[PDB]
């Protein structure tokens, strides 16, 4: 039967800095990516910057300098690559490298780039985000408001992309999780138990990305270093309900959870 596809999270910056040698070493993140494929990652999700860009350097030229050797090495081994980036100039390079996915926390709001996205066979994952880059953190207090607004934001953005020429069945909808729904945990749970409505309402694939998000920690009172168990609980829940894609760090713990669950059924 069906089975959620696993996006293996590989952040070049943290993987290159874990030694403490203050080295921008893509080699450490290439090997980490290869490990995730061995653990059973269907797609590798690349990240050359952080998603909350409070950080001092958001450079477009360096964000490409980091994805450059990793995409080269992974593409030669046949690895399905997904790059997570909000900068249109960085996504333009992703189109030029013919990566398999492009992950936009901003959901492609720059129509300058639409015509090129259409021509390329890149699958787009279209994330809804309640927050704005650079602005203060929003605590969206009304979960049902965030859910209906999320549905409106999709209905408009999908039609905008499809008018520009993007084939619609190459769009994946990520409703966002945790930070992207407001620091309110309950709205995170709401989206989790309501994402099948998104599939039915649009006949599109849906990606659920709950791994290690702080809302899990608030339900269990657990620290970030010990979120594996509440993570696996959530990823399993999304799987049984029909998630098309699951984004996670511990690909292998997730593979074990899915392998055990499919065998029991």
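Numbering follows the first chain given and starts at 1.
Of the two segments, 204 to 212 and 22 to 30, the one listed with the higher mean B-factor is 22 to 30 (C-alpha atoms only). Of the two stretches examined, 80 to 88 and 127 to 135, the record assigns the greater average C-alpha temperature factor to 127 to 135. Among all modelled residues in its chain, residue 224 ranks in the highest third by Cα B-factor. The entry lists a Cα temperature factor for residue 158 that places it in the middle third of the chain's modelled residues.
Among the modelled residues of its chain, residue 250 has a C-alpha B-factor that falls in the lowest third according to the deposited record.
Residue 259 sits in the middle third of its chain by CA B factor, as recorded in the PDB entry. Per the PDB record, residue ranking by Cα B-factor puts residue 60 in the highest third of the chain.
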